[PDB]
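**Q** After the C-alpha cells below, expect a handful of questions from me.
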Amino acid sequence: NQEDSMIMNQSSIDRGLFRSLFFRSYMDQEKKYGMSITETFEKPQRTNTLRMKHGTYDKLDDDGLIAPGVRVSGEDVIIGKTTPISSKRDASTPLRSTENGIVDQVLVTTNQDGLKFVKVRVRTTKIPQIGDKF
Amino acid sequence: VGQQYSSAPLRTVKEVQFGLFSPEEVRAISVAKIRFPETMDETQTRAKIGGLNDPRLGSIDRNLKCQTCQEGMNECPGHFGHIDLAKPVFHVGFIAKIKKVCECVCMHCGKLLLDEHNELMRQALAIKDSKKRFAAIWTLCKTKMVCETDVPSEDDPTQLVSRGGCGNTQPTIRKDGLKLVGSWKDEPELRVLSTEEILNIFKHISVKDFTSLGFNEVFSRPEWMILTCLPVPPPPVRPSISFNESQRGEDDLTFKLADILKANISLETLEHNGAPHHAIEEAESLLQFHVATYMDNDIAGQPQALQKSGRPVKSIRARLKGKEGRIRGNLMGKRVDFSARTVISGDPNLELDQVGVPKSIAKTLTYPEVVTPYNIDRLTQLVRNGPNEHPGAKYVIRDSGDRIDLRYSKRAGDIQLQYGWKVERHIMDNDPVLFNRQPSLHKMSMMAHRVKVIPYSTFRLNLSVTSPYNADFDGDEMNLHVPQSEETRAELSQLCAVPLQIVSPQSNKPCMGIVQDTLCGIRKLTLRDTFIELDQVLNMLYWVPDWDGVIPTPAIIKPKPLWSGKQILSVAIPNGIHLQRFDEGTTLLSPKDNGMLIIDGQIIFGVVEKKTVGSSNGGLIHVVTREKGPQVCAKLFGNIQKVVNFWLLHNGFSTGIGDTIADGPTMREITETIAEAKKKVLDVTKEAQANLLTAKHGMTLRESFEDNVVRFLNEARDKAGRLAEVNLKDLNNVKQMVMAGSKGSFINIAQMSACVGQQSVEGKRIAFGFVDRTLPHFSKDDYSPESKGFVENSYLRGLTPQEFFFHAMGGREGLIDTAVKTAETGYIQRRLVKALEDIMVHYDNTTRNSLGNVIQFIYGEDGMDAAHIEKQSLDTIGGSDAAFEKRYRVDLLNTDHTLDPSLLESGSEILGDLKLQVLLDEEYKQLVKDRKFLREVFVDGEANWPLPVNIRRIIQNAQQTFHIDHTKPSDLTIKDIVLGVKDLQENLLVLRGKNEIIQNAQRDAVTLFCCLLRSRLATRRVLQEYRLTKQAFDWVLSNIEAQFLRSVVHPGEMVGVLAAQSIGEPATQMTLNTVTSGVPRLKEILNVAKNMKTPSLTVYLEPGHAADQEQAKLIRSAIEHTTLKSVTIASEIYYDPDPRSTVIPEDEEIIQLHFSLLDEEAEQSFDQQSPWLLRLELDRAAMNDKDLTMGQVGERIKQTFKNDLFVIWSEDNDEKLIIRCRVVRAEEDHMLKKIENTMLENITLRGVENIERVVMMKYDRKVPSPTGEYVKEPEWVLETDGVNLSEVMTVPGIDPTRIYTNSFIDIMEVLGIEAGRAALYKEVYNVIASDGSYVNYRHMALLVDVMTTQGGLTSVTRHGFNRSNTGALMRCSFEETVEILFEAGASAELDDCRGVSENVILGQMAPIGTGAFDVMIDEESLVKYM
Amino acid sequence: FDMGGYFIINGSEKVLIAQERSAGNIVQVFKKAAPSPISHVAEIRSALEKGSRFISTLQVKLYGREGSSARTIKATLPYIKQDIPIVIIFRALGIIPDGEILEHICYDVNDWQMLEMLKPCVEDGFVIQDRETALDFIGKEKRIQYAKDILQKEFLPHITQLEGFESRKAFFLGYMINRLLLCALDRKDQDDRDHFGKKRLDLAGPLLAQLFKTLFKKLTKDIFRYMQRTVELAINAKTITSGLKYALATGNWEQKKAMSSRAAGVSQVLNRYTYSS
Amino acid sequence: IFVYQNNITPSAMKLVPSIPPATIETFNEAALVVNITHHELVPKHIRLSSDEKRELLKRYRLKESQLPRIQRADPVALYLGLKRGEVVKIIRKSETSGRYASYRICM
Amino acid sequence: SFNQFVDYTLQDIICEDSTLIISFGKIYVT
DNA sequence: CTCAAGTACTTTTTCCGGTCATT
RNA sequence: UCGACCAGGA
Ligand SMILES: Nc1ncnc2c1ncn2[C@@H]1O[C@H](COP(=O)(O)CP(=O)(O)OP(=O)(O)O)[C@@H](O)[C@H]1O
Ligand SMILES: [Mg+2]
Ligand SMILES: [Zn+2]
Ligand SMILES: [Zn+2]
C-alpha cells in the first residue's frame, strides 16, 4: 500500500465489492455507391477477390450478424459486410483486439436514407484487478 | 534493413556536402520527363500515366515492376524526375539572398560594386568566415549606387586609376511579394527586375567575385538560387492514399506539382503561340507563385494557397519544421519496436535492480538469440514450447534469412535448429531491460533492470528506486525497452544498471535512499525502548538472505533474553562499515539517542532515520556504495527493507483524527496567541490611520504597513503552530512520520492542528477585487486580518465561508504557477541540452565540443568525476594561529615541543636531530604556505569543500583494520611520514604528459587535494591523533592513491548533456511541485537579457571606513541621483513686467538681497531680459531629507542654462522656498514652457545617472583576527535600484576592488570577459541555491564556460549558440531548422559528422562514450592466446 | 432523472458550452506600457443588441506621457486611418465654440486641473473652426458626405445610428474624455478587465442566434441570386438544415464551409460516466 | 599611448595606423582613474611569447581556432595592449582544483 | 436560453434584415 | 547624412478514447 | 488507414 497505492480484500472482491459492468456499442451501415452499387450484410467465405479478416466469421449468422447470446473474444468478427467491384472484398467489423465479452443486444434498423443500419452491444463484467485505480 | 544482399561495399557517412542543384544536374539525375498533370489512369485503365507519378519514377500496386530496376516497395527507394519550367522562377528560400546579391553586384556588367581598391573592402575581404565575409561585403556595397569606371590610386588621391568598366546607376532594390523592384534616378524610374534579368547578371558574376560572397564554384553558384529545371520527387516522398480499388486519393505534394505543371503548360502555350505580352506576365507570376507555394506555404504575403476545402496545403518546409517535423519528430526521436508500457506498482519483495514483468508482456517482447552449442539444447525446448507457454519462443530465423512463425508454421512441432540461426524468444527472468518514466529529465530517469516474470498486469518495482524515476503508484505508467544485441545488453548491464546509478554526480550524493514505510519503521525499530524476544528475532534473521547463520548474543540475557531493534538491524549492515554523526548534544553517550555511531557494521548508539538511511550525503548508502561497492549497496537496500518491513508488519502503524487533536488548554493558548496578534495588528492599523507611521525606504506608508500586518500574522501562525507540535506526544503518529522524515513537516502539523494562517495571491494578502472590500460581506476600507484573507482556523476546526473562499483563491494561484512555469522551465532544459550535447571529455582530459574547441582544459577544473566527491573539511583554514601551531608543529630541538617518546619508538634518540628538524621545518613551512593559500582561495574561511578520496574514512578503517591501540608507540620514523606523504603526492596523477605544460597542468589540478592531504597527514597529526603503525600508514597511503585514481573522470563522459540535466531537472522540479529570482531570473541569465528586471549594484566602503556609518551616509547621498523634479512642489509662470520690482509681495525680500549684492555686471546684462517670470516653490522636507541648499540648487540651474537665464532664489531660512527665472536674448509664452521641461526632467542636482533609491546595510563579514581565528566583523554596504558600474567605481570613499552588480553584462564590459565568467557563475549559482537545491560546481561551471569561451556572452538561444561554426545537421535540429538547411546549400556547408545530432540523423554509432574509441583484433595476440 | 438541456445530432448527445466574453457598450480606461507614445486610453466596445453585431471599437487616446510637454487627446474613428483630435470631432458633430466643447468634457468649472489638461487639445483643434471644415478633415464634397455617414453609421453605433442624436453622441464622447482625464489625474482607479460583473456568458440561444443569422443571410443572398436569374420555390432548405447540423456536430462553430478561422469546441459530446459528470 | 581628456577629433583619431611597424593606443582619463585589473573578479592574464604560444598549441594539439578567445576590445586586453592572435594565460583560483589556468587568443 | 431564442430571437432574425426587391413574415416551429 | 522609432519574425515541457469529413 | 478537432491520464 506504499506510495499512493492500496491493499484490497480479495475475499470482499469475490462477494461483489467494486464490480463493474462494461458495455460497448459497435455500429455499421450498408454503404451506397450512387448507381445502386450497395454493400451487403452477409457471412462471407472465399470467392474471386479473397480480401478478408484473420478472425472467425463462424460466430455470425446468415445476416452477417452475431446473435445476442454468443461469447465473443479475440479479433472475432462481430458484423459481416461486403463490397463488390468492377468479389469477397470484405467490409466486416471485428471485435476490438484488446477486448473480449458476451454479445448483449443487436439492433437492425434503417438510416434516414433507407440503408441497413446495425448497432451491436457487447457486455462484460469488470473485476477490480491490481492496477485498478480508486 | 533495406532487405536483400547487395555486392556494393558497406560504408558510413563521414561528410555531408551541402550545395544547390544546377539545372544541368536535375536533368541528369531524372528518370522521367514529367509533362502531364494527370497522375495515372491511362484513360480509365487503373494503370499509371507515362507522364507524372511513375512516368518511370518509383512504384505503386506492389509490382516489382519499377522501370526494369525491379526490387519494388521495400527495397527500391524513390527515383527522381524533372519538369522544365517555361520561364525561370525564384526559389522561395533564396528570395532574400538573391536581393542581397543584387545589392552587391552591378546589375549590368556583374562586377562587384566594391573592389580591392576600397580600404574598408580589403578588410571585409580579409574575413575568413564565409557568412561574416558576405555580411561585411553587403553592408559595404548596398551603399554603392554606381559601378565605378575609375577610383583614386593607393598612392596619391590626385591621380585616379581605372577598374571594371561601364558607369550605370544601380537600383535601390525592394521586395514586393515574390518580385524585385528598383528605383534609379527630379522623379525616379521604377520597374520590376525580371527573373531572367537577375539570372543573366548572376551568370556574369565572376568566380573570384561570387566566391568573395558566400558561394562555391562547384557546389553552390549564385545562379543556382534561381530555378529553371524543377526536380520531381518520387512517390515514396508523396504517397497516394488508396482507400480501396476505385478510391484513388493522391498526396498534397502531388496536387501542387500538378498545379505547377498546369501553370507551366499555360505559360508555355502563351509564349510558343500568339504572345498577348501582358497576359504572359500574369501566367508567369502564377508559375512563380506555385513553385514558391510548393516549397513554402507559410509565406509573409497573405495568400495561403488554400486547397479547395479551406485547408492551407502542406509545403515541403512545413514537413521538416520541428517537433512532429521530419528532424525533431522523425530523426531526433522515433516510435520504437521491442517496447512495452503498463501501470506500475510498488513491491517490497523485489530487488533494487529488478522489474516485475507481467507474463502477457514477457510473452510478446522477444530477444533474438543465436543458436550456439552453449544454448542449442535449451533453445530447442523454447521453440518446442512455442509462443503460448511462458518460457517459449515466437520465431525461428534461418541461415537463409526467413522467419518461421511458430504460431502457424506446419513444421512448428519439428525444427531441427542448425547453429547460426536465431531464435526470437520470450523475455526471461534476468534479461537486461531499459526502464523509464516520463518526463525524462535525468540520466537516472532511464535505468537498466533485471527481469522477473510475475503474474498480474502491472510492472512491479522496488520502492527505493521510486525517487530517481520520481514515480508514485497512483496510476503512473512506465516504459520498458528490450535490447536485441549481446553487445547492447552489456551496454545496459555495465553502464545503465540501477546499482551503478545509486550515487548521482549532479549532487555528489546518493540519489536513492530508504523511503516511506521502511523509513517510518526503521526509526520505530531502532529507539532504545524497542526490544525483540527470541521467537520473532529468529524470523527477522531468516529474512536477511545473506544471514551468516549466526544467532547474535542478546543485549539482555538476565530474565528474558531480549534483542535490541538496533542489534538485529545491524545484521543487514555489512562488516567494515564505519560511520560517525553528532547532531545536537550527541556526546559519545548521546542521551537523546541523537546522531549515529556504526562501527564494523554494528549500531552502537542513536536512532536510524532520514539522516542515516536516506539519500543523505554522509549517510550509510553513500558509505556502503563507496567502501563496499554498487552491488553490495543494492543488497543493503533490500536487506534493510526485508527486515524493517517484516518487523513493522507485526508492529503496525496508523493515523487518525486523534493525531490532529491538540490539548484543551493548549488550544485556548493558541486562540489567545492569535487574539494578542490581531490586537497587535489593530494597534498598527488605527495608528497608521492617525497618520503617525514612518515608512522604511523604497516603500509607501501603505507598503510598509502591509509588511507589518503580514509579519504579525505569520509570526502568529508559526508560534501558534509551535505550541501544538510541542503539546503532541511521542505517540502522535503524525509527529512520528515527521520525526523519521518519512512524510510531513512542521507547517503540515501547524495548519492541521493549530491554524492555517494568511493567504496570498501575487505576494500580497487577498486584495479588494470589489471596491475597497474583499467580498460583499464587508464594509469598505477594512484592512483587518479577516478581511484581507487571514485563516484564524485549523483544518480540524474547519473554515468559515469567507476563509474558505480566500484559501480557494490562494490555492488556485498554486495550480496556475505549476501550469504556467512548467513549459518555460522545460524549454530552458531543451535549450541547455541542445547547447551542451556534443561536449565530452577526450582521452587528453580536455573538455571539447564537436569542433574540438576547448571549453574546459580539464573537467570541472580538477579532472574528477562528480560521483567520487564528498564534502571534507580543511582544518588548515580556520582556527587561531596558536591552535594551528599546537596541532602541527613538531620541534625536535625544543624539550617541550618534541614528539614524546610515548608516540613513536625513535622519540628518545630523535631529540636534537638537526637533520630531521630540517625535514620537519620544510614540512611545517609548507603547512603555513598551505594555510595562506587556502585563506586566499576561500576568502570567508569556509573549510568544508567537496573533494575526492574521503581520508577520514581511510584512517577510520585503518584503526578498526589494524586494531590500533592508542597506548603503545608507533614504528614510524620522521623520514617514514614526511617522505612518505611527499612521495604519495607524485603518484596522484590526473594528466600524464611528459612535457612541462602538462606536468605543470598536473601540478595545478592536485593543488587543493594536496592541501587537504598534507593537512591530514602531518607528522604530529599522524602520530599523536591517529596513532598509526608503519603497517597502517602504508595501507592508508596506498588506499589514498588507489581511491584517487578511480575518482578521476572517464574519457567519453558525456559531460555536456550531464551538466544540462543537472541544472535542468532541479529547475523543472522547483516548479512542478505545488529582486528577480528563480525561473524568471534563470530565463534572464540564459537569454543574456539586456533589459533585466531588478538591476542592483552592491557598493562596499573603503577598507579604513568599513564600520563608519557616517562615511556610508556621505556616499549614499553622493551617488543617489536627484533631479529638480524631486524637490519641487509646483512651477508657475507669472507676468512680472519689471525685473527690479516684483508683483509678488512674498518675493519682496528675495529681490532685495539679490539685486544689491549681485551688482556684478547684472545691470547691463540685464536690465531686461524677459517680462515673463518662471517661479517654483521647493519643499523643505524634500530639500532636507535629500540634503540640499537653495544656493546649491540655484547654481546648478545657473550653470545648466549659463547666462541665457537670470536665476535668483529665496534663502533656506525663509518660510517659502522659491527660485525666480527670466530669459536673456515674439511667442516667448511656449518658449519658456520648454525651459521648465528641461529644468524638471533634464537637470541633475546630486548623484550619478541611472542610480536610484540607494539603501544602507549593516552586513556581517567573516574576517581573520590578529589572533588568527576568523571573527564576525560587521560593515556598511549600500545597494542600488539601478546600474552605472562605469562611474560609481570612480566615486571617492569606496572599495572599487569589491564593487558588484547583478548585471554581469556590465561586469563583462567594465572588467572584461574573465570577470564576466565570475559574475555569470555567481548569478547562476544563486538562482539554483535560491530554491535550497545543490548542483555540483562543474555543471554550472561548464554552462558558464560555454557562453563565455567565444570571447563574449553567448546566449543559450537560437540567437547565440545555434549560430556557431558547428554542424549544419546539428544546428537545424533546434529552433531554426529549414532556414539553417537552406543557407547550408547556398554557402556549400560541409558537415564533419562529429556531433551527436548528425550521427543520430544518420543512424550511426555516435563518437559518444562507448563509441569514443575504436575496437581492433590483434593477430599477434590471437596466436599467443592458443 | 435525465435533465435535458442538450441536443441529439445525428444520434449523438451534444452539449453547448457557455462562452465567456467581455461585456459590450462598456466604457473602460486603461494605462499604456513604459515605451508608448500614449499614456492612457478610453475604450468602448459599441455593438447592436441585435443588428449584425457591430465589431467597431472606439479608442480615445491621451498622447504624451507624464512629464512630456503638451499632451494631446485624439480618437480613432472606424474606416478613417488617422486618429483625429477630439475638438475636430466635436465641431464635426455640431459643437463649434471651444468652451461649449469644454462644457461637454468638464461638468464643473471649479476644476482647473482637468481644464489645464484640455488647453493643448483646444489649440490642436483650433486650425478647423467650422463643421463643414471638420467633415472635410476626414480624408471635397465626396470626403464631406463620407464623413457625415461615418459619424452616423460607425461612430458610437449603440445609443442611435438614426440622425439628429448628434448631441447625445457629443455628451457621451465628453463622458469618455472625462473618464480618461479622470485616471490621468489619478482620481479614479484604472478599470479592471477581470471584474466578473463586466463579463457575459453566451449559452445555447445566443450561439445559435449568431449561427442562424449568418446562414439565413446566406439564403437571402441565394433568393436574390435566383431572382436575378429569373428573366421572366428555389429556397434551398439545405443551407439552414445542414448549416446548423454541421456547427453542432463538428463543434467547430464558424460555420461557413467551414475553415480554420473562427470555431473552437463550442458543441461537445455530453459526458455520461456518472450522473454528476 | 595617448591619454585624452574628453575626446579626440574623428579627423585626428584616423591617423593611428599611419606609422607602421609602430602602434598607437587611445585612452580616456576617467577610464584610467580606476585600475580595473585590481578588482576581485579579474584574474591574472599573462602575455605569451611567439614560442610560449607555439608550444601551447603543440602540447594541446590545437589549431588557433580551438582556443577560447579574448576580445581585442576587452578591458584587460586593452590594459596589456593585446594584438590580434596574442595568447594570455589566465591563472584563476578554483573551489575544486585550488588553481586552474586557462588561455585566450586575441580578437 | 434556447426557449428565449425559439420564442423571440428566431422571429427577430427572420424580420430584421429579411425583405428583398419578396418580404418575410411569421416564423412557425413544428 | 546620424540615430529615434516603426516595421516585421519566431519561439513557447515530456510521454500516454471518441467523433467528425474525407482521404 | 488519412489526420483534424474535442475530451482525458502521471
Ligand atoms: N503536465 C505535466 N508534464 C510533465 N510531467 C507531469 C505533468 N503533470 C504531472 N507530471 C509528473 O507527475 C509528477 C507529480 O504529479 P502527481 O503524481 O499527479 C502529484 P502526487 O505526487 O501524486 O501528490 P502531491 O500532489 O502530494 O505531490 C511530476 O513530478 C511529473 O513528473
Ligand atoms: Mg503519480
Ligand atoms: Zn526503382
Ligand atoms: Zn557595371
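Ordering of the C-alpha cells sets the chain letters (A, B, ...); residue numbers start at 1 within each chain; ligands are numbered from 1 in the order shown.
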Run DSSP on the backbone and give me the residues of region 55-127 of chain C it puts in strand (DSSP E or B), as number ranges by chain.

**A** C: 58-64, 73-76, 83-85

**Q** Run DSSP on the backbone of this structure and report the residues of chain D it assigns to helix (DSSP H, G or I), as a ChimeraX atom specification.

**A** /D:10-13,16-18,31-33,36-38,50-59,64-66,75-79

**Q** All residues within 8 Å of ligand 1 are required, counting only C-alpha atoms (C1' of nucleotides) and all ligand atoms; please report them as a PyMOL selection string.

**A** (chain A and resi 4) or (chain B and resi 438-439+470-474+476+819+822+1069+1072-1074) or (chain F and resi 13-14) or (chain G and resi 10)

**Q** Tell me which protein, DNA and RNA residues are within 9 Å of region 2-9 of chain E, counting only C-alpha atoms (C1' of nucleotides), leaving out same-chain ones fewer than 6 positions away, and put them as a PyMOL selection string.

**A** (chain C and resi 5+50+203-206+208-209) or (chain E and resi 29)

**Q** Please list as a PyMOL selection string every residue within 7 Å of region 100-117 of chain C, counting only C-alpha atoms (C1' of nucleotides) and excluding residues in the same chain fewer than 6 positions away.

**A** chain C and resi 90+171+174-175+177-178+181

**Q** Please return, as a PyMOL selection string, all residues of chain G lying within 12 Å of chain B when only C-alpha atoms (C1' of nucleotides) are considered.

**A** chain G and resi 1-2+4+9-10

**Q** Write the residues of the selection above to a file with N, CA, C and O atoms (P, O5', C5', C4', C3', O3' and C1' of nucleotides), as a PDB file, in the first residue's frame.

**A**
ATOM      1  P     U G   1      -6.647   1.451 -46.367  1.00  0.00           P
ATOM      2  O5'   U G   1      -5.836   2.831 -46.490  1.00  0.00           O
ATOM      3  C5'   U G   1      -4.520   2.932 -45.961  1.00  0.00           C
ATOM      4  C4'   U G   1      -4.510   3.675 -44.634  1.00  0.00           C
ATOM      5  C3'   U G   1      -3.492   3.161 -43.612  1.00  0.00           C
ATOM      6  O3'   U G   1      -2.298   4.070 -43.475  1.00  0.00           O
ATOM      7  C1'   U G   1      -5.575   3.734 -42.593  1.00  0.00           C
ATOM      8  P     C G   2      -2.340   5.659 -43.074  1.00  0.00           P
ATOM      9  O5'   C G   2      -2.564   6.428 -44.487  1.00  0.00           O
ATOM     10  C5'   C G   2      -3.860   6.956 -44.878  1.00  0.00           C
ATOM     11  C4'   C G   2      -3.994   8.465 -44.636  1.00  0.00           C
ATOM     12  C3'   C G   2      -3.496   8.940 -43.245  1.00  0.00           C
ATOM     13  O3'   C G   2      -2.643  10.136 -43.260  1.00  0.00           O
ATOM     14  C1'   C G   2      -5.791   9.526 -43.555  1.00  0.00           C
ATOM     15  P     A G   4      -3.066  16.821 -38.907  1.00  0.00           P
ATOM     16  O5'   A G   4      -4.241  17.489 -38.029  1.00  0.00           O
ATOM     17  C5'   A G   4      -4.993  18.593 -38.546  1.00  0.00           C
ATOM     18  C4'   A G   4      -6.455  18.535 -38.129  1.00  0.00           C
ATOM     19  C3'   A G   4      -6.733  18.697 -36.657  1.00  0.00           C
ATOM     20  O3'   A G   4      -6.617  20.053 -36.266  1.00  0.00           O
ATOM     21  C1'   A G   4      -8.126  17.015 -37.551  1.00  0.00           C
ATOM     22  P     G G   9      -7.694  13.837 -16.019  1.00  0.00           P
ATOM     23  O5'   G G   9      -6.642  12.676 -16.320  1.00  0.00           O
ATOM     24  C5'   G G   9      -6.982  11.342 -16.000  1.00  0.00           C
ATOM     25  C4'   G G   9      -5.799  10.434 -16.144  1.00  0.00           C
ATOM     26  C3'   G G   9      -4.552  10.896 -15.431  1.00  0.00           C
ATOM     27  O3'   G G   9      -4.589  10.516 -14.099  1.00  0.00           O
ATOM     28  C1'   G G   9      -4.022  10.294 -17.619  1.00  0.00           C
ATOM     29  P     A G  10      -3.943  11.472 -13.004  1.00  0.00           P
ATOM     30  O5'   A G  10      -2.404  11.199 -13.183  1.00  0.00           O
ATOM     31  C5'   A G  10      -1.861   9.999 -12.724  1.00  0.00           C
ATOM     32  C4'   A G  10      -0.383  10.020 -12.933  1.00  0.00           C
ATOM     33  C3'   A G  10       0.311  11.161 -12.234  1.00  0.00           C
ATOM     34  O3'   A G  10       0.619  10.793 -10.917  1.00  0.00           O
ATOM     35  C1'   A G  10       1.058  10.973 -14.476  1.00  0.00           C
TER      36        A G  10
END

**Q** One number please: CA of residue 542 (chain B) to CA of residue 611 (chain B), in Å, one decimal.

**A**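 Between these atoms lies a distance of 27.5 Å.
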
**Q** Could you please select, counting only C-alpha atoms (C1' of nucleotides), the residues of chain F within 12 Å of chain B and state them as a list in words?

**A**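 Selected residues: residues 8, 9, 10, 11, 12, 13, 14, 15, 16, 21, 22 and 23 of chain F.
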
**Q** Mind giving me the straight-line distance from CA of residue 184 (chain B) to CA of residue 172 (chain B) in Å, one decimal?

**A**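 Going from CA of residue 184 (chain B) over to CA of residue 172 (chain B), I get 6.8 Å.
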
**Q** Write out as a list in words each polymer residue whose atoms come within 10 Å of residue 111 (chain A), counting only C-alpha atoms (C1' of nucleotides); drop sequence neighbours fewer than 4 positions from it.

**A** residues 29, 30, 115, 116, 117 and 118 of chain A

**Q** Would you pick out the contacts of residue 25 (chain B) at 10 Å or less, using only C-alpha atoms (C1' of nucleotides), so that residues sharing its chain but fewer than 4 positions from it are not included, and give the list as a ChimeraX atom specification?

**A** /B:20-21,29-30,229,231

**Q** Taking only C-alpha atoms (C1' of nucleotides) and all ligand atoms into account, report as a PyMOL selection string which residues have an atom no farther than 12 Å from an atom of ligand 4.

**A** chain B and resi 102+104-114+144-150+163-171+201+204-205

**Q** Go ahead and write the selection's residues with N, CA and C atoms as an mmCIF file, in the first residue's frame.

**A**
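Okay, this is what ended up in again.cif:
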data_model
loop_
_atom_site.group_PDB
_atom_site.id
_atom_site.type_symbol
_atom_site.label_atom_id
_atom_site.label_comp_id
_atom_site.auth_asym_id
_atom_site.auth_seq_id
_atom_site.Cartn_x
_atom_site.Cartn_y
_atom_site.Cartn_z
ATOM 1 N N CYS B 102 22.064 41.051 -55.550
ATOM 2 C CA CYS B 102 21.751 42.135 -56.493
ATOM 3 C C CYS B 102 22.205 43.465 -55.929
ATOM 4 N N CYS B 104 24.784 43.868 -54.202
ATOM 5 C CA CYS B 104 26.245 43.797 -54.151
ATOM 6 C C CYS B 104 26.921 43.909 -55.490
ATOM 7 N N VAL B 105 26.347 43.291 -56.509
ATOM 8 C CA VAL B 105 26.933 43.293 -57.836
ATOM 9 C C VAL B 105 26.221 44.318 -58.750
ATOM 10 N N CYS B 106 26.966 44.903 -59.719
ATOM 11 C CA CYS B 106 26.423 45.847 -60.700
ATOM 12 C C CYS B 106 25.400 45.110 -61.553
ATOM 13 N N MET B 107 24.170 45.611 -61.557
ATOM 14 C CA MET B 107 23.064 44.999 -62.277
ATOM 15 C C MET B 107 23.159 45.112 -63.808
ATOM 16 N N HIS B 108 24.371 45.300 -64.345
ATOM 17 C CA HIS B 108 24.552 45.431 -65.784
ATOM 18 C C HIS B 108 25.750 44.666 -66.323
ATOM 19 N N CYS B 109 26.915 44.730 -65.634
ATOM 20 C CA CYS B 109 28.118 44.007 -66.070
ATOM 21 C C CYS B 109 28.485 42.817 -65.134
ATOM 22 N N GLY B 110 27.852 42.755 -63.960
ATOM 23 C CA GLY B 110 28.041 41.678 -62.995
ATOM 24 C C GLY B 110 29.326 41.748 -62.196
ATOM 25 N N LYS B 111 29.918 42.940 -62.104
ATOM 26 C CA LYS B 111 31.151 43.117 -61.347
ATOM 27 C C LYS B 111 30.799 43.640 -59.973
ATOM 28 N N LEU B 112 31.491 43.142 -58.925
ATOM 29 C CA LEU B 112 31.283 43.590 -57.549
ATOM 30 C C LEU B 112 31.407 45.110 -57.455
ATOM 31 N N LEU B 113 30.340 45.766 -56.959
ATOM 32 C CA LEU B 113 30.259 47.214 -56.799
ATOM 33 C C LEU B 113 31.459 47.794 -56.070
ATOM 34 N N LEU B 114 32.092 46.987 -55.188
ATOM 35 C CA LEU B 114 33.316 47.367 -54.490
ATOM 36 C C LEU B 114 34.469 46.413 -54.813
ATOM 37 N N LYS B 144 26.925 51.704 -52.294
ATOM 38 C CA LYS B 144 27.428 51.994 -53.649
ATOM 39 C C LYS B 144 26.302 51.913 -54.659
ATOM 40 N N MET B 145 25.982 53.062 -55.270
ATOM 41 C CA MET B 145 24.907 53.151 -56.240
ATOM 42 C C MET B 145 25.400 53.368 -57.656
ATOM 43 N N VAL B 146 26.685 53.095 -57.893
ATOM 44 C CA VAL B 146 27.276 53.228 -59.217
ATOM 45 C C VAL B 146 28.490 52.291 -59.392
ATOM 46 N N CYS B 147 28.492 51.581 -60.530
ATOM 47 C CA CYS B 147 29.540 50.665 -60.958
ATOM 48 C C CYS B 147 30.649 51.588 -61.461
ATOM 49 N N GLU B 148 31.623 51.902 -60.591
ATOM 50 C CA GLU B 148 32.689 52.847 -60.929
ATOM 51 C C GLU B 148 33.614 52.385 -62.032
ATOM 52 N N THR B 149 33.926 53.296 -62.942
ATOM 53 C CA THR B 149 34.863 53.052 -64.027
ATOM 54 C C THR B 149 36.278 53.293 -63.507
ATOM 55 N N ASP B 150 36.440 54.316 -62.625
ATOM 56 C CA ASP B 150 37.720 54.735 -62.045
ATOM 57 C C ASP B 150 37.588 55.193 -60.587
ATOM 58 N N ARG B 163 39.243 50.810 -63.015
ATOM 59 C CA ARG B 163 38.919 49.443 -62.592
ATOM 60 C C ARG B 163 37.994 48.823 -63.653
ATOM 61 N N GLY B 164 36.987 48.054 -63.229
ATOM 62 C CA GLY B 164 35.989 47.459 -64.113
ATOM 63 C C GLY B 164 35.126 48.533 -64.745
ATOM 64 N N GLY B 165 34.982 48.456 -66.063
ATOM 65 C CA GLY B 165 34.266 49.432 -66.882
ATOM 66 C C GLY B 165 32.803 49.681 -66.579
ATOM 67 N N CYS B 166 32.160 50.477 -67.473
ATOM 68 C CA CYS B 166 30.762 50.956 -67.510
ATOM 69 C C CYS B 166 30.375 51.789 -66.270
ATOM 70 N N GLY B 167 29.531 52.797 -66.486
ATOM 71 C CA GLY B 167 29.057 53.683 -65.430
ATOM 72 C C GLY B 167 27.849 53.065 -64.770
ATOM 73 N N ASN B 168 26.658 53.444 -65.260
ATOM 74 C CA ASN B 168 25.333 52.951 -64.862
ATOM 75 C C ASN B 168 24.996 53.111 -63.376
ATOM 76 N N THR B 169 23.849 53.752 -63.096
ATOM 77 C CA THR B 169 23.366 53.902 -61.730
ATOM 78 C C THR B 169 22.734 52.568 -61.328
ATOM 79 N N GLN B 170 22.948 52.188 -60.082
ATOM 80 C CA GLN B 170 22.412 50.954 -59.565
ATOM 81 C C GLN B 170 21.051 51.198 -58.897
ATOM 82 N N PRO B 171 20.078 50.269 -59.067
ATOM 83 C CA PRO B 171 18.757 50.483 -58.464
ATOM 84 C C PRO B 171 18.750 50.301 -56.965
ATOM 85 N N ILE B 201 22.592 38.327 -65.156
ATOM 86 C CA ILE B 201 23.515 39.154 -64.364
ATOM 87 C C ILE B 201 24.337 38.232 -63.427
ATOM 88 N N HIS B 204 26.884 36.161 -65.168
ATOM 89 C CA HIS B 204 28.019 37.017 -65.464
ATOM 90 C C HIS B 204 28.877 37.307 -64.235
ATOM 91 N N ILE B 205 28.396 37.001 -62.993
ATOM 92 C CA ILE B 205 29.214 37.213 -61.783
ATOM 93 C C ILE B 205 30.405 36.248 -61.816
#

**Q** If the limit is 9 Å from any atom of ligand 3, counting only C-alpha atoms (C1' of nucleotides) and all ligand atoms, which residues qualify? Return them as a PyMOL selection string.

**A** chain B and resi 56-59+64-73+75-79

**Q** Near chain A, meaning an atom within 12 Å, which residues of chain B appear when counting only C-alpha atoms? Write them as number ranges by chain.

**A** B: 44-46, 244-247, 342-348, 358, 360, 455-464, 466-467, 470-477, 515-520, 645, 649, 742-743

**Q** Please identify all polymer residues within 7 Å of region 35-42 of chain D, counting only C-alpha atoms (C1' of nucleotides), omitting same-chain residues fewer than 5 positions from it, and present them as a PyMOL selection string.

**A** (chain B and resi 1296-1298+1311+1314-1315+1318) or (chain D and resi 76)

**Q** In Å, how far is it from CA of residue 561 (chain B) to CA of residue 587 (chain B)?

**A**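 Spanning CA of residue 561 (chain B) to CA of residue 587 (chain B) is a straight-line distance of 28.6 Å.
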
**Q** Could you please tell me, as a list in words, which residues of chain C have an atom within 12 Å of chain A when using only C-alpha atoms?

**A**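 Using only C-alpha atoms, chain C residues at most 12 Å from chain A: residues 10, 11 and 273 of chain C.
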